[PDB]
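Working notes for the structure below.
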Amino acid sequence: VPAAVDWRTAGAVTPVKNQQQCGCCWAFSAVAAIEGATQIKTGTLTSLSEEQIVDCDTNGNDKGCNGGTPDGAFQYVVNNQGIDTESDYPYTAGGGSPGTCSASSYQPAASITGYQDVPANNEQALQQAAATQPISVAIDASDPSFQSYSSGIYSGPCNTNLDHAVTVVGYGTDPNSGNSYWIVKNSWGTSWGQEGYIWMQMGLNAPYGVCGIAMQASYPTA
């Protein structure tokens, strides 16, 4: 297992997006993971449609702006046999309202055959998975210290009352403190955090991880 990983400079991460006032973090996290798995397999990096999942994944446990899970999103893309581009099917649910499903109006750009769940409450297993591709994870993002994060290695304070899905795109170590961190792509636009990213310290709140990051992790099979 490598000591450092950064899928952004390796070419598997699209620019930061903004979910705005739609409770569909589940779909943003799933799409970032699908974009990463697709690029690693095919070599092409293309922004994919969160709106398709929010609008179309309505026959299972996922509920648009009312929440869902990254696994439910993966299952929908598996069942649909594809997902469209962001360019063709842009995000319009920012005001808190999805629309009618338009998946068949466009040419699908990517597909996946399944997904895998990372062993729960297990940062070693999460690190092994993150070294191979971006990973969808769940965290408790309710603390004011998280809401107002700007820079540095975030160590809390935060509980494990999971309420937000984000994407791990790598991990590193700060040379001066010597502390290691997860590199996490959030969906709150570039005005939040480090141009949309947060470094979340590794090795905390065992076995759950900082803010519960190692509790509920998964990734798609391209």
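Chain identifiers are assigned as A, B, and so on, following the order in which chains appear in the structure tokens; residues are numbered from 1 within each chain, and ligands are numbered from 1 in order of appearance.
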### Task
Write out as a list in words each polymer residue whose atoms come within 12 Å of residue 149 of chain A, counting only C-alpha atoms; drop sequence neighbours fewer than 2 positions from it.
residues 141, 142, 143, 144, 145, 146, 147, 151, 152, 153, 154, 155, 156, 157, 186, 188, 191, 192, 193, 194, 195, 196, 197, 198, 199 and 200 of chain A
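Each of A:87, A:100, A:136, A:52 was compared to residue 115 of chain A using only C-alpha atoms, and A:136 turns out to be the nearest.
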List every residue of segment 48-128 of chain A that has an atom at most 12 Å from any atom of segment 169-185 of chain A, giving for each one its closest atom pair and the distance in Å to one decimal, counting only C-alpha atoms, sorted by chain and then by ascending residue number, as a tab-separated table.
residue	atom	partner	partner_atom	distance
A:123	CA	A:182	CA	10.3
A:126	CA	A:182	CA	10.1
A:127	CA	A:171	CA	8.1
A:128	CA	A:170	CA	10.7
### Task
Please identify all polymer residues within 12 Å of residue 209 of chain A, counting only C-alpha atoms, omitting same-chain residues fewer than 2 positions from it, and present them as JSON, numbers by chain.
{"A": [120, 121, 122, 123, 124, 125, 126, 127, 137, 138, 139, 140, 154, 155, 156, 158, 159, 160, 162, 181, 182, 200, 201, 202, 203, 204, 205, 206, 207, 211, 212, 213, 214, 215, 216, 217]}
Saved selection, atoms kept: N, CA and C atoms, as a short mmCIF file (atom, residue, chain, number, x, y, z; two decimals), in the first residue's frame:
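Once written, result.cif looks like this:
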data_model
loop_
_atom_site.label_atom_id
_atom_site.label_comp_id
_atom_site.auth_asym_id
_atom_site.auth_seq_id
_atom_site.Cartn_x
_atom_site.Cartn_y
_atom_site.Cartn_z
N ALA A 120 -16.31 -2.16 7.12
CA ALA A 120 -16.75 -1.05 7.97
C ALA A 120 -15.79 -0.78 9.09
N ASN A 121 -15.75 0.51 9.53
CA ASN A 121 -14.98 0.92 10.71
C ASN A 121 -13.55 0.42 10.61
N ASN A 122 -12.91 0.70 9.47
CA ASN A 122 -11.64 0.10 9.14
C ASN A 122 -10.83 1.00 8.27
N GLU A 123 -10.01 1.88 8.89
CA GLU A 123 -9.22 2.83 8.08
C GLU A 123 -8.14 2.16 7.27
N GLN A 124 -7.62 1.00 7.72
CA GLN A 124 -6.63 0.28 6.93
C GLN A 124 -7.27 -0.18 5.63
N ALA A 125 -8.46 -0.79 5.72
CA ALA A 125 -9.17 -1.24 4.52
C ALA A 125 -9.55 -0.03 3.63
N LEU A 126 -9.93 1.12 4.24
CA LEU A 126 -10.26 2.30 3.47
C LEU A 126 -9.01 2.78 2.72
N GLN A 127 -7.84 2.77 3.38
CA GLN A 127 -6.60 3.19 2.70
C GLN A 127 -6.26 2.26 1.53
N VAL A 137 -17.52 8.14 0.70
CA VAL A 137 -17.54 7.96 2.15
C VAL A 137 -18.61 8.82 2.78
N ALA A 138 -19.04 8.41 3.98
CA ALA A 138 -20.00 9.17 4.78
C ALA A 138 -19.32 9.79 5.99
N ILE A 139 -19.68 11.03 6.32
CA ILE A 139 -19.14 11.72 7.48
C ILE A 139 -20.23 12.48 8.20
N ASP A 140 -19.93 12.87 9.45
CA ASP A 140 -20.76 13.81 10.19
C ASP A 140 -20.16 15.19 9.90
N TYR A 154 -7.87 18.95 9.22
CA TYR A 154 -9.07 18.98 10.07
C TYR A 154 -9.08 17.77 10.99
N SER A 155 -9.17 18.02 12.31
CA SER A 155 -9.20 16.96 13.30
C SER A 155 -10.46 17.01 14.16
N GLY A 156 -11.40 17.87 13.79
CA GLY A 156 -12.61 18.06 14.58
C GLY A 156 -12.66 19.42 15.24
N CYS A 158 -15.78 16.78 15.99
CA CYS A 158 -16.92 16.26 15.22
C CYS A 158 -17.32 14.91 15.78
N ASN A 159 -18.60 14.62 15.70
CA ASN A 159 -19.16 13.35 16.18
C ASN A 159 -19.24 12.35 15.04
N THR A 160 -20.02 11.26 15.24
CA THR A 160 -20.19 10.22 14.21
C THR A 160 -21.67 10.05 13.82
N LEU A 162 -23.62 10.45 11.15
CA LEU A 162 -23.39 10.57 9.70
C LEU A 162 -24.51 11.30 9.02
N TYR A 181 -3.36 12.55 6.44
CA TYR A 181 -4.72 13.02 6.18
C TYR A 181 -5.28 12.42 4.93
N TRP A 182 -6.59 12.30 4.91
CA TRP A 182 -7.37 11.97 3.76
C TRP A 182 -7.58 13.24 2.94
N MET A 200 -8.67 15.66 5.98
CA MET A 200 -9.26 15.13 7.23
C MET A 200 -8.27 14.15 7.84
N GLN A 201 -7.84 14.41 9.07
CA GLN A 201 -6.75 13.66 9.68
C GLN A 201 -7.06 12.17 9.75
N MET A 202 -6.04 11.37 9.43
CA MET A 202 -6.11 9.93 9.55
C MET A 202 -5.79 9.46 10.98
N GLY A 203 -6.28 8.28 11.34
CA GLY A 203 -5.96 7.69 12.64
C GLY A 203 -6.71 8.22 13.84
N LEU A 204 -7.84 8.93 13.61
CA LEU A 204 -8.60 9.49 14.72
C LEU A 204 -9.89 8.76 15.00
N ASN A 205 -10.47 8.97 16.21
CA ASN A 205 -11.77 8.42 16.59
C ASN A 205 -11.90 6.92 16.22
N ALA A 206 -10.86 6.14 16.55
CA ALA A 206 -10.83 4.73 16.20
C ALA A 206 -11.99 3.98 16.83
N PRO A 207 -12.62 3.05 16.09
CA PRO A 207 -12.31 2.63 14.72
C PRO A 207 -13.11 3.34 13.62
N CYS A 211 -14.78 12.16 12.16
CA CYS A 211 -16.16 12.42 11.74
C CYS A 211 -16.83 11.19 11.16
N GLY A 212 -16.35 10.01 11.50
CA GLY A 212 -16.92 8.78 10.97
C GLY A 212 -16.53 8.39 9.56
N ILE A 213 -15.44 8.96 9.00
CA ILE A 213 -15.07 8.75 7.59
C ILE A 213 -14.87 7.28 7.22
N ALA A 214 -14.47 6.42 8.20
CA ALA A 214 -14.24 5.01 7.86
C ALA A 214 -15.47 4.13 8.14
N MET A 215 -16.64 4.73 8.41
CA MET A 215 -17.80 3.94 8.78
C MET A 215 -18.56 3.34 7.60
N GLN A 216 -18.75 4.10 6.50
CA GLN A 216 -19.64 3.67 5.40
C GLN A 216 -19.02 4.10 4.10
N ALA A 217 -18.13 3.27 3.57
CA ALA A 217 -17.37 3.60 2.36
C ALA A 217 -17.60 2.58 1.26
#
### Task
Quick one: everything within 7 Å of residue 131 of chain A, counting only C-alpha atoms, minus sequence neighbours fewer than 2 positions away in the same chain. Send it as an MDAnalysis selection string.
chainID A and resid 1:2 5 127:129 133
Just to be explicit: take each residue in the selection above, keep N, CA, C and O atoms, and write the result as an mmCIF file, in the first residue's frame.
data_model
loop_
_atom_site.group_PDB
_atom_site.id
_atom_site.type_symbol
_atom_site.label_atom_id
_atom_site.label_comp_id
_atom_site.auth_asym_id
_atom_site.auth_seq_id
_atom_site.Cartn_x
_atom_site.Cartn_y
_atom_site.Cartn_z
ATOM 1 N N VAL A 1 0.867 -1.198 0.000
ATOM 2 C CA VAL A 1 0.000 0.000 0.000
ATOM 3 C C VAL A 1 0.903 1.247 0.000
ATOM 4 O O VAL A 1 1.770 1.387 0.884
ATOM 5 N N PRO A 2 0.727 2.148 -1.004
ATOM 6 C CA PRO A 2 1.610 3.331 -1.081
ATOM 7 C C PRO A 2 1.404 4.285 0.075
ATOM 8 O O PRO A 2 0.294 4.424 0.606
ATOM 9 N N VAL A 5 -1.057 9.071 -2.018
ATOM 10 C CA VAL A 5 -1.894 8.934 -3.231
ATOM 11 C C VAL A 5 -2.586 10.251 -3.494
ATOM 12 O O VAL A 5 -3.118 10.875 -2.562
ATOM 13 N N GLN A 127 -7.841 2.772 3.380
ATOM 14 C CA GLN A 127 -6.600 3.185 2.702
ATOM 15 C C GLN A 127 -6.258 2.260 1.530
ATOM 16 O O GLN A 127 -5.876 2.733 0.461
ATOM 17 N N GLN A 128 -6.424 0.954 1.710
ATOM 18 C CA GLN A 128 -6.166 -0.006 0.628
ATOM 19 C C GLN A 128 -7.088 0.277 -0.579
ATOM 20 O O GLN A 128 -6.635 0.281 -1.732
ATOM 21 N N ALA A 129 -8.361 0.581 -0.324
ATOM 22 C CA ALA A 129 -9.289 0.880 -1.397
ATOM 23 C C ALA A 129 -8.930 2.224 -2.059
ATOM 24 O O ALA A 129 -8.921 2.333 -3.306
ATOM 25 N N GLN A 133 -8.554 3.711 -6.232
ATOM 26 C CA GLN A 133 -9.496 4.602 -6.911
ATOM 27 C C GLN A 133 -10.182 5.535 -5.904
ATOM 28 O O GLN A 133 -10.154 5.242 -4.695
#
### Query
Can you tell me, as number ranges by chain, what residues are no more than 6 Å from residue 29 of chain A when counting only C-alpha atoms, ignoring any on the same chain fewer than 3 positions away?
A: 26, 32, 136, 165-167
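Of the residues under consideration (A:25, A:13, A:83, A:222), A:25 shows the shortest atom-to-atom contact distance to residue 67 of chain A when counting only C-alpha atoms.
Minimum atom-to-atom distance to residue 56 of chain A, evaluated using only C-alpha atoms, belongs to A:84 out of A:84, A:6, A:163, A:117.
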### Message
Just the number, please: distance in Å from atom CA of residue 34 of chain A to atom CA of residue 46 of chain A, one decimal.
### Response
9.9 Å
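Residues of segment 175-212 of chain A that DSSP places in strand (DSSP E), based on the backbone of this structure, are residues 180, 181, 182, 183, 184, 185, 197, 198, 199, 200 and 201 of chain A.
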Would you mind exporting the chosen residues as a compact mmCIF listing (two decimals), in the first residue's frame, restricted to C-alpha atoms?
# COMPACT_ATOMS: atom_id res chain seq x y z
CA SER A 180 -1.44 12.05 7.82
CA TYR A 181 -4.72 13.02 6.18
CA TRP A 182 -7.37 11.97 3.76
CA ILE A 183 -7.77 14.25 0.71
CA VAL A 184 -11.52 14.82 0.45
CA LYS A 185 -13.52 16.37 -2.39
CA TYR A 197 -11.25 20.24 -0.60
CA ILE A 198 -10.64 19.29 3.00
CA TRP A 199 -7.72 17.40 4.53
CA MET A 200 -9.26 15.13 7.23
CA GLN A 201 -6.75 13.66 9.68
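Atom CA of residue 189 of chain A is found 22.5 Å from atom CA of residue 38 of chain A.
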Determine which residues of segment 100-218 of chain A DSSP labels as alpha helix (DSSP H) from the backbone of this structure, then write them out as a short mmCIF file (atom, residue, chain, number, x, y, z; two decimals) with N, CA, C and O atoms, in the first residue's frame.
data_model
loop_
_atom_site.label_atom_id
_atom_site.label_comp_id
_atom_site.auth_asym_id
_atom_site.auth_seq_id
_atom_site.Cartn_x
_atom_site.Cartn_y
_atom_site.Cartn_z
N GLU A 123 -10.01 1.88 8.89
CA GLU A 123 -9.22 2.83 8.08
C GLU A 123 -8.14 2.16 7.27
O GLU A 123 -7.78 2.66 6.20
N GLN A 124 -7.62 1.00 7.72
CA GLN A 124 -6.63 0.28 6.93
C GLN A 124 -7.27 -0.18 5.63
O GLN A 124 -6.71 0.00 4.56
N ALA A 125 -8.46 -0.79 5.72
CA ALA A 125 -9.17 -1.24 4.52
C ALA A 125 -9.55 -0.03 3.63
O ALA A 125 -9.47 -0.13 2.41
N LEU A 126 -9.93 1.12 4.24
CA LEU A 126 -10.26 2.30 3.47
C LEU A 126 -9.01 2.78 2.72
O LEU A 126 -9.12 3.15 1.55
N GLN A 127 -7.84 2.77 3.38
CA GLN A 127 -6.60 3.19 2.70
C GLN A 127 -6.26 2.26 1.53
O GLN A 127 -5.88 2.73 0.46
N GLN A 128 -6.42 0.95 1.71
CA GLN A 128 -6.17 -0.01 0.63
C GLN A 128 -7.09 0.28 -0.58
O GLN A 128 -6.64 0.28 -1.73
N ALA A 129 -8.36 0.58 -0.32
CA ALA A 129 -9.29 0.88 -1.40
C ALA A 129 -8.93 2.22 -2.06
O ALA A 129 -8.92 2.33 -3.31
N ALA A 130 -8.62 3.26 -1.25
CA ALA A 130 -8.32 4.60 -1.79
C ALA A 130 -7.09 4.63 -2.64
O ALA A 130 -7.01 5.44 -3.56
N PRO A 144 -19.74 23.25 13.56
CA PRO A 144 -19.38 24.55 12.95
C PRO A 144 -17.95 24.57 12.44
O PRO A 144 -17.70 25.27 11.46
N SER A 145 -17.01 23.82 13.09
CA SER A 145 -15.60 23.73 12.66
C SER A 145 -15.48 23.11 11.24
O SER A 145 -14.56 23.45 10.50
N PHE A 146 -16.44 22.24 10.85
CA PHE A 146 -16.43 21.64 9.52
C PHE A 146 -17.08 22.59 8.52
O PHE A 146 -16.55 22.81 7.41
N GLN A 147 -18.23 23.18 8.91
CA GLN A 147 -18.99 24.11 8.08
C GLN A 147 -18.13 25.30 7.67
O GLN A 147 -18.19 25.74 6.52
#
### Query
Using only C-alpha atoms, which of the listed residues (A:97, A:49, A:218, A:190) sits closest to residue 16 of chain A?
A:190
Leaving out residue 73 of chain A and any residue of its chain fewer than 5 positions from it, which residues lie within 8 Å of it when counting only C-alpha atoms, given as a tab-separated table (two decimals) with N, CA and C atoms, in the first residue's frame?
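File produced: out19.tsv:
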chain	number	residue	atom	x	y	z
A	26	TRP	N	-25.36	12.39	-1.65
A	26	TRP	CA	-25.21	10.99	-2.01
A	26	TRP	C	-24.92	10.83	-3.51
A	27	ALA	N	-25.60	11.63	-4.34
A	27	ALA	CA	-25.43	11.54	-5.78
A	27	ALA	C	-24.12	12.20	-6.22
A	30	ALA	N	-21.35	9.68	-5.28
A	30	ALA	CA	-21.35	8.57	-6.23
A	30	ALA	C	-20.80	8.96	-7.57
A	53	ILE	N	-29.09	11.04	-11.75
A	53	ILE	CA	-29.35	10.17	-10.62
A	53	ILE	C	-30.46	10.75	-9.74
A	57	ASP	N	-33.32	7.96	-10.28
A	57	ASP	CA	-33.17	6.90	-9.29
A	57	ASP	C	-34.27	7.07	-8.24
A	62	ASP	N	-33.43	5.67	-2.76
A	62	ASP	CA	-32.92	7.02	-2.94
A	62	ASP	C	-34.06	7.97	-3.30
A	68	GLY	N	-30.28	9.87	0.15
A	68	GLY	CA	-30.05	8.57	-0.44
A	68	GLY	C	-28.68	8.08	0.00
